[PDB]
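Enquirer: Next up is a structure, given as structure tokens.
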There are 4 protein chains.
Amino acid sequence: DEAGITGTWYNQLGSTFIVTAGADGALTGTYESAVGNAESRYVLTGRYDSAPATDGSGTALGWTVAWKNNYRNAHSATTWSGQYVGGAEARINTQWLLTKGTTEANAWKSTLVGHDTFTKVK
Amino acid sequence: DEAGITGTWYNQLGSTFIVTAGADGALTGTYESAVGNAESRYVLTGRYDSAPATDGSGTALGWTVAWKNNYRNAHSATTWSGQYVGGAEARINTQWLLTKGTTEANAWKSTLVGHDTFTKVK
Amino acid sequence: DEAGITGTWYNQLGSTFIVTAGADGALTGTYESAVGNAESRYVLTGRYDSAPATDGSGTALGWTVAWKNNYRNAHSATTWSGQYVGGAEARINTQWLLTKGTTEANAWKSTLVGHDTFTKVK
Amino acid sequence: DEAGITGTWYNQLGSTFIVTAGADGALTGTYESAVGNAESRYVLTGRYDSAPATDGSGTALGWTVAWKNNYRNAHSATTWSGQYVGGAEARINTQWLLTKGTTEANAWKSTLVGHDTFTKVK
């Protein structure tokens with residue numbers, strides 16, 4: 001699904017996920033969040049299953065953004081874990097974990113959890 | 001925390017996380033899981049906050065492993081999201097999401113969640 | 001939101017959530033899952049914020065089902081954590097954790113995570 | 001495990017979980033959090049598997065606290081999902097989801113995720 005995954009994707013929040021899937025299982029690109037302490041593009045890297053099952057199952061993948069770029073630093077990182085589902089209306093369905101750097105006293109509230117669905121349109 | 005993070009880490013399960021932190025915020029290395037449908041090393045990539053807060057807060061980071069290598073393919077990917085906490089007994093405290101490729105009918109049970117703590121010894 | 005929450009709700013999977021919100025913050029009712037190792041209704045109990053903010057924010061709530069009834073026992077429990085959002089198309093948006101009873105060796109894979117959205121129609 | 005679960009438990013944060021397990025699978029009691037926007041005791045309710053497997057597996061359970069009592073209202077609810085593990089050093093190992101009531105604009109950051117381990121001492 002190298003060609004299926006490679007390109008520009010948009011989630012329900014209007015964030016933009018620009019990704020290249022490599023033959024070797026690599027994901028590289030940029031992420032622009034429509035929400036939160038973020039502006040412009042941030043580097044992302046990740047991995048995907050480059051030899052998925054042929055039984056109609058989705059293709060497992062994940063990637064990370066650390067929320068530091070030349071404009072801002074939100075001292076946090078989000079990882080999206082999900083699967084790519086091919087077809088006429090292709091989707092990447094994910095769950096994510098956003099961890100902020102905290103003191104030990106505040107570590108219990110370090111991590112947000114959510115879910116993003118990415119499509120090729122929007 | 002380039003030097004602080006770079007090296008070999010072990011979690012509570014006895015898994016081995018070998019990572020290089022780049023000056024640019026990159027994480028690269030390999031992961032060997034002591035449990036599950038895995039053998040030998042798997043490629044990982046991720047990101048960390050290369051300019052963390054100086055108020056005693058941890059350093060946010062995350063990384064991904066897709067569970068395909070030359071030995072096995074478990075048609076799944078795990079993302080760890082966490083923070084590095086420096087000091088005499090340095091730790092990387094994480095939460096993770098493991099997504100398996102599934103049919104649409106089974107998508108509701110696609111994702112496991114857990115928590116791993118990594119230390120420099122063990 | 002006692003009256004707002006009380007009633008029959010359906011999620012994206014076609015599961016049926018029948019709930020009574022008490023004046024005291026209690027949730028009681030039954031859950032019928034359209035998927036998984038389940039049949040018929042299971043007891044649920046939970047809590048909601050009975051004096052929510054008046055700034056347009058949702059109403060926080062949660063509930064638990066242990067997957068044992070007179071028909072089956074799936075040796076597991078799901079907790080839904082979310083908020084009720086009132087209005088013409090009322091919704092309860094949730095994230096959930098499903099823990100299975102496991103041996104210590106398998107504890108790392110004990111917990112599934114997902115997200116369900118409940119509406120008054122469907 | 002009615003007798004095994006019933007009693008007073010403490011987590012790693014120093015929070016106090018006082019619970020009665022009913023013959024029917026009910027959990028009732030109070031929770032006092034050592035951290036966050038909380039003081040004194042809050043009502044909890046939940047469910048557990050009252051007929052667990054006899055193969056050495058843990059006992060699945062979950063419970064909810066809405067963070068409103070006579071002292072404070074943090075417009076949020078936490079659900080703990082986990083398993084009870086009996087023996088000389090009994091434990092309840094959990095993962096939790098804390099949802100705050102939010103506006104629709106802030107719904108993406110409504111939910112914290114964490115993990116608490118409860119023991120009979122501490």
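FYI, nothing fancy with the structure tokens labels: chains A, B, ... in order, residues from 1 per chain, ligands from 1 as they appear.
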Report as a VMD selection string all protein, DNA and RNA residues lying within 8 Å of stretch 61-72 of chain A, evaluated on only C-alpha atoms, omitting residues in the same chain fewer than 4 positions from it.
Expert: (chain A and resid 27 31 37 to 49 76 to 84) or (chain B and resid 25 46 to 51 60 to 66 76 to 79 99)
Enquirer: Up to 8 Å from chain B, what residues of chain D turn up? Count only C-alpha atoms and give them as number ranges by chain.
Expert: D: 95, 114-115
Enquirer: Could you please write out, as a compact mmCIF listing (two decimals) with N, CA, C and O atoms, in the first residue's frame, every residue of stretch 14-98 of chain B that DSSP assigns to strand (DSSP E or B)?
Expert:
```txt
# COMPACT_ATOMS: atom_id res chain seq x y z
N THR B 16 14.12 -4.99 24.86
CA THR B 16 15.32 -4.17 24.64
C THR B 16 15.05 -3.12 23.58
O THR B 16 14.66 -3.44 22.45
N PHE B 17 15.27 -1.86 23.97
CA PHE B 17 15.00 -0.68 23.17
C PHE B 17 16.35 -0.01 22.97
O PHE B 17 16.94 0.48 23.92
N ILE B 18 16.84 -0.06 21.74
CA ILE B 18 18.13 0.50 21.38
C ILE B 18 17.87 1.72 20.51
O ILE B 18 17.25 1.62 19.45
N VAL B 19 18.29 2.89 20.99
CA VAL B 19 17.89 4.13 20.35
C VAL B 19 19.04 5.14 20.24
O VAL B 19 19.88 5.24 21.15
N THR B 20 19.05 5.87 19.12
CA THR B 20 19.92 7.03 18.95
C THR B 20 19.05 8.27 18.81
O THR B 20 18.17 8.32 17.95
N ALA B 21 19.29 9.25 19.68
CA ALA B 21 18.64 10.55 19.61
C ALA B 21 19.53 11.48 18.80
O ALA B 21 20.71 11.68 19.14
N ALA B 26 15.35 13.55 16.05
CA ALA B 26 15.04 12.22 15.52
C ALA B 26 15.35 11.13 16.54
O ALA B 26 16.30 11.26 17.30
N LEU B 27 14.53 10.07 16.54
CA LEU B 27 14.86 8.82 17.22
C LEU B 27 14.95 7.73 16.15
O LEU B 27 14.07 7.61 15.30
N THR B 28 16.04 6.96 16.19
CA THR B 28 16.22 5.80 15.29
C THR B 28 16.81 4.66 16.10
O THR B 28 17.58 4.90 17.04
N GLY B 29 16.47 3.43 15.75
CA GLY B 29 17.07 2.30 16.42
C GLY B 29 16.33 1.01 16.14
O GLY B 29 15.72 0.84 15.08
N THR B 30 16.36 0.13 17.13
CA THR B 30 15.73 -1.17 17.02
C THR B 30 15.04 -1.53 18.33
O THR B 30 15.44 -1.05 19.40
N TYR B 31 14.04 -2.39 18.22
CA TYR B 31 13.27 -2.87 19.36
C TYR B 31 13.22 -4.38 19.27
O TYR B 31 12.96 -4.94 18.21
N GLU B 32 13.44 -5.03 20.41
CA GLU B 32 13.31 -6.47 20.54
C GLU B 32 12.33 -6.73 21.67
O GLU B 32 12.60 -6.37 22.82
N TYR B 42 13.41 -5.24 15.41
CA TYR B 42 12.52 -4.54 14.48
C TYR B 42 12.96 -3.10 14.42
O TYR B 42 13.41 -2.54 15.42
N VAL B 43 12.82 -2.50 13.25
CA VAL B 43 13.18 -1.11 13.05
C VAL B 43 12.23 -0.22 13.84
O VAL B 43 11.04 -0.47 13.88
N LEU B 44 12.77 0.81 14.48
CA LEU B 44 11.91 1.84 15.06
C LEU B 44 12.35 3.21 14.60
O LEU B 44 13.53 3.44 14.28
N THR B 45 11.39 4.12 14.54
CA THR B 45 11.68 5.53 14.33
C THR B 45 10.72 6.35 15.19
O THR B 45 9.60 5.93 15.49
N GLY B 46 11.17 7.53 15.58
CA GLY B 46 10.34 8.42 16.37
C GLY B 46 10.92 9.80 16.47
O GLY B 46 11.86 10.16 15.73
N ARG B 47 10.39 10.56 17.43
CA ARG B 47 10.77 11.97 17.62
C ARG B 47 10.82 12.27 19.12
O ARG B 47 10.09 11.66 19.92
N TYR B 48 11.66 13.22 19.50
CA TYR B 48 11.66 13.72 20.86
C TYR B 48 11.83 15.24 20.85
O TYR B 48 12.27 15.82 19.85
N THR B 59 11.10 15.08 29.33
CA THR B 59 11.27 15.35 27.91
C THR B 59 10.33 14.46 27.11
O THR B 59 10.49 13.25 27.12
N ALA B 60 9.37 15.07 26.42
CA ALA B 60 8.37 14.31 25.66
C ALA B 60 9.00 13.60 24.46
O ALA B 60 9.90 14.14 23.79
N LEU B 61 8.52 12.39 24.18
CA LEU B 61 9.01 11.62 23.05
C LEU B 61 8.01 10.54 22.65
O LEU B 61 7.06 10.25 23.38
N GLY B 62 8.23 9.98 21.47
CA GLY B 62 7.46 8.83 21.03
C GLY B 62 8.14 8.11 19.90
O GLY B 62 9.01 8.67 19.22
N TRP B 63 7.76 6.86 19.70
CA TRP B 63 8.31 6.08 18.59
C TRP B 63 7.36 4.97 18.18
O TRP B 63 6.43 4.63 18.92
N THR B 64 7.60 4.44 16.99
CA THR B 64 6.78 3.40 16.38
C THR B 64 7.61 2.21 15.97
O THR B 64 8.73 2.36 15.47
N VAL B 65 7.05 1.02 16.18
CA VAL B 65 7.54 -0.23 15.60
C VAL B 65 6.39 -0.87 14.83
O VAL B 65 5.30 -1.04 15.37
N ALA B 66 6.62 -1.17 13.55
CA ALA B 66 5.74 -2.07 12.80
C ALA B 66 6.33 -3.47 12.91
O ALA B 66 7.52 -3.66 12.66
N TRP B 67 5.50 -4.44 13.27
CA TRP B 67 5.99 -5.75 13.70
C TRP B 67 6.24 -6.69 12.52
O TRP B 67 5.80 -7.85 12.52
N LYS B 68 6.95 -6.15 11.52
CA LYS B 68 7.43 -6.93 10.37
C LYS B 68 8.94 -6.83 10.34
O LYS B 68 9.50 -5.74 10.38
N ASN B 73 5.90 -11.50 10.58
CA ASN B 73 5.03 -10.35 10.39
C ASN B 73 3.75 -10.54 11.20
O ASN B 73 2.91 -11.39 10.87
N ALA B 74 3.60 -9.76 12.27
CA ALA B 74 2.44 -9.83 13.15
C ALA B 74 1.33 -8.84 12.74
O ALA B 74 0.40 -8.62 13.52
N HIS B 75 1.45 -8.25 11.55
CA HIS B 75 0.43 -7.35 10.97
C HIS B 75 -0.12 -6.40 12.03
O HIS B 75 -1.33 -6.33 12.29
N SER B 76 0.80 -5.68 12.64
CA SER B 76 0.48 -4.77 13.73
C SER B 76 1.59 -3.74 13.92
O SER B 76 2.72 -3.93 13.43
N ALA B 77 1.26 -2.66 14.61
CA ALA B 77 2.21 -1.60 14.92
C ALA B 77 1.94 -1.11 16.33
O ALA B 77 0.78 -0.97 16.73
N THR B 78 3.00 -0.88 17.09
CA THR B 78 2.91 -0.24 18.40
C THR B 78 3.56 1.12 18.37
O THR B 78 4.65 1.29 17.82
N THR B 79 2.90 2.08 18.99
CA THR B 79 3.46 3.41 19.22
C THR B 79 3.55 3.62 20.73
O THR B 79 2.57 3.37 21.46
N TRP B 80 4.74 4.00 21.19
CA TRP B 80 4.97 4.39 22.57
C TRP B 80 5.02 5.90 22.64
O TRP B 80 5.74 6.54 21.86
N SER B 81 4.27 6.46 23.58
CA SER B 81 4.23 7.91 23.82
C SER B 81 4.59 8.11 25.29
O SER B 81 4.03 7.47 26.18
N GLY B 82 5.56 8.98 25.55
CA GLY B 82 6.02 9.13 26.92
C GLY B 82 6.94 10.29 27.17
O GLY B 82 6.99 11.25 26.39
N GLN B 83 7.64 10.19 28.29
CA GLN B 83 8.67 11.17 28.61
C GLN B 83 9.87 10.54 29.26
O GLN B 83 9.77 9.59 30.04
N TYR B 84 11.02 11.12 28.92
CA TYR B 84 12.31 10.77 29.52
C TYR B 84 12.51 11.62 30.76
O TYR B 84 12.33 12.85 30.72
N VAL B 85 12.91 10.96 31.84
CA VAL B 85 13.15 11.61 33.12
C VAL B 85 14.59 11.31 33.49
O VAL B 85 14.94 10.16 33.75
N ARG B 91 14.77 7.23 33.60
CA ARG B 91 13.64 6.41 33.18
C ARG B 91 13.00 7.00 31.95
O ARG B 91 13.05 8.21 31.75
N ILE B 92 12.42 6.14 31.12
CA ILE B 92 11.47 6.60 30.09
C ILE B 92 10.14 5.95 30.44
O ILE B 92 9.98 4.72 30.37
N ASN B 93 9.16 6.77 30.81
CA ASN B 93 7.84 6.27 31.20
C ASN B 93 6.90 6.46 30.03
O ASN B 93 6.78 7.56 29.53
N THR B 94 6.27 5.37 29.60
CA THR B 94 5.45 5.40 28.41
C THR B 94 4.08 4.76 28.61
O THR B 94 3.85 3.93 29.50
N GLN B 95 3.19 5.18 27.73
CA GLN B 95 1.96 4.47 27.43
C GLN B 95 2.02 4.10 25.96
O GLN B 95 2.67 4.80 25.17
N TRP B 96 1.41 2.98 25.59
CA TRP B 96 1.47 2.53 24.21
C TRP B 96 0.13 2.08 23.67
O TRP B 96 -0.75 1.69 24.43
N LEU B 97 0.02 2.15 22.35
CA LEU B 97 -1.14 1.67 21.59
C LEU B 97 -0.64 0.69 20.52
O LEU B 97 0.20 1.05 19.70
N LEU B 98 -1.15 -0.53 20.54
CA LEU B 98 -0.80 -1.56 19.56
C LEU B 98 -2.03 -1.81 18.70
O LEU B 98 -3.05 -2.30 19.19
```
Enquirer: Can you tell me how far atom CA of residue C:13 sits from atom CA of residue A:10, in Å to one decimal?
Expert: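 Computed distance, atom CA of residue C:13 to atom CA of residue A:10, equals 24.1 Å.
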Enquirer: Near residue A:88, counting only C-alpha atoms, which residues have an atom at most 12 Å away, once you skip same-chain residues fewer than 2 positions from it, shown as a PDB file with N, CA and C atoms, in the first residue's frame?
Expert:
```
ATOM      1  N   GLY A   4      -1.040   3.694  -1.932  1.00  0.00           N
ATOM      2  CA  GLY A   4      -2.288   3.958  -1.223  1.00  0.00           C
ATOM      3  C   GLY A   4      -2.112   4.944  -0.072  1.00  0.00           C
ATOM      4  N   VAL A  85      -7.153   1.668   5.529  1.00  0.00           N
ATOM      5  CA  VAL A  85      -8.211   0.870   4.923  1.00  0.00           C
ATOM      6  C   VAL A  85      -8.399   1.404   3.511  1.00  0.00           C
ATOM      7  N   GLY A  86      -8.031   0.598   2.519  1.00  0.00           N
ATOM      8  CA  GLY A  86      -8.058   1.032   1.131  1.00  0.00           C
ATOM      9  C   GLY A  86      -9.465   1.032   0.557  1.00  0.00           C
ATOM     10  N   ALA A  90     -10.853   5.688   0.807  1.00  0.00           N
ATOM     11  CA  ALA A  90      -9.769   5.240   1.679  1.00  0.00           C
ATOM     12  C   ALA A  90      -9.776   6.012   2.991  1.00  0.00           C
ATOM     13  N   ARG A  91      -9.363   5.337   4.057  1.00  0.00           N
ATOM     14  CA  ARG A  91      -9.317   5.951   5.379  1.00  0.00           C
ATOM     15  C   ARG A  91      -8.110   5.467   6.137  1.00  0.00           C
ATOM     16  N   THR A 119      -9.017  11.097   5.931  1.00  0.00           N
ATOM     17  CA  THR A 119      -9.513  10.784   4.594  1.00  0.00           C
ATOM     18  C   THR A 119      -8.750  11.634   3.589  1.00  0.00           C
ATOM     19  N   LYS A 120      -8.882  11.268   2.316  1.00  0.00           N
ATOM     20  CA  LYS A 120      -8.158  11.936   1.225  1.00  0.00           C
ATOM     21  C   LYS A 120      -8.799  13.245   0.800  1.00  0.00           C
ATOM     22  N   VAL A 121     -10.039  13.460   1.225  1.00  0.00           N
ATOM     23  CA  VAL A 121     -10.782  14.678   0.924  1.00  0.00           C
ATOM     24  C   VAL A 121     -11.099  15.373   2.245  1.00  0.00           C
TER      25      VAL A 121
END
```
Enquirer: So which residues of chain B fall under helix (DSSP H, G or I) by DSSP, listed as a PyMOL selection string?
Expert: chain B and resi 2-5+104-109
Enquirer: Write a file of the selected residues as a PDB file, in the first residue's frame, keeping N, CA and C atoms.
Expert:
```
ATOM      1  N   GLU B   2      20.144  14.561  24.304  1.00  0.00           N
ATOM      2  CA  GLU B   2      20.611  13.670  23.254  1.00  0.00           C
ATOM      3  C   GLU B   2      21.407  12.506  23.867  1.00  0.00           C
ATOM      4  N   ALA B   3      22.420  12.834  24.674  1.00  0.00           N
ATOM      5  CA  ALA B   3      23.227  11.811  25.348  1.00  0.00           C
ATOM      6  C   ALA B   3      22.434  11.021  26.403  1.00  0.00           C
ATOM      7  N   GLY B   4      21.519  11.698  27.098  1.00  0.00           N
ATOM      8  CA  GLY B   4      20.692  11.045  28.108  1.00  0.00           C
ATOM      9  C   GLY B   4      19.827   9.930  27.529  1.00  0.00           C
ATOM     10  N   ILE B   5      19.249  10.189  26.360  1.00  0.00           N
ATOM     11  CA  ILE B   5      18.326   9.235  25.732  1.00  0.00           C
ATOM     12  C   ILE B   5      19.052   8.157  24.939  1.00  0.00           C
ATOM     13  N   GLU B 104     -13.167  -4.781   8.748  1.00  0.00           N
ATOM     14  CA  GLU B 104     -14.017  -3.730   9.281  1.00  0.00           C
ATOM     15  C   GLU B 104     -14.893  -4.265  10.421  1.00  0.00           C
ATOM     16  N   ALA B 105     -15.385  -5.499  10.272  1.00  0.00           N
ATOM     17  CA  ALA B 105     -16.195  -6.159  11.315  1.00  0.00           C
ATOM     18  C   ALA B 105     -15.479  -6.281  12.663  1.00  0.00           C
ATOM     19  N   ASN B 106     -14.156  -6.436  12.630  1.00  0.00           N
ATOM     20  CA  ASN B 106     -13.363  -6.610  13.849  1.00  0.00           C
ATOM     21  C   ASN B 106     -12.606  -5.361  14.286  1.00  0.00           C
ATOM     22  N   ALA B 107     -12.852  -4.240  13.626  1.00  0.00           N
ATOM     23  CA  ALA B 107     -12.118  -3.009  13.918  1.00  0.00           C
ATOM     24  C   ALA B 107     -12.284  -2.539  15.355  1.00  0.00           C
ATOM     25  N   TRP B 108     -13.422  -2.856  15.975  1.00  0.00           N
ATOM     26  CA  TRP B 108     -13.667  -2.453  17.358  1.00  0.00           C
ATOM     27  C   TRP B 108     -12.666  -3.065  18.332  1.00  0.00           C
ATOM     28  N   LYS B 109     -12.084  -4.211  17.972  1.00  0.00           N
ATOM     29  CA  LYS B 109     -11.080  -4.879  18.818  1.00  0.00           C
ATOM     30  C   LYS B 109      -9.678  -4.833  18.221  1.00  0.00           C
TER      31      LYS B 109
END
```
Enquirer: Quick check, in Å to one decimal: how far apart do atom CA of residue C:7 and atom CA of residue C:122 lie?
Expert: 13.4 Å
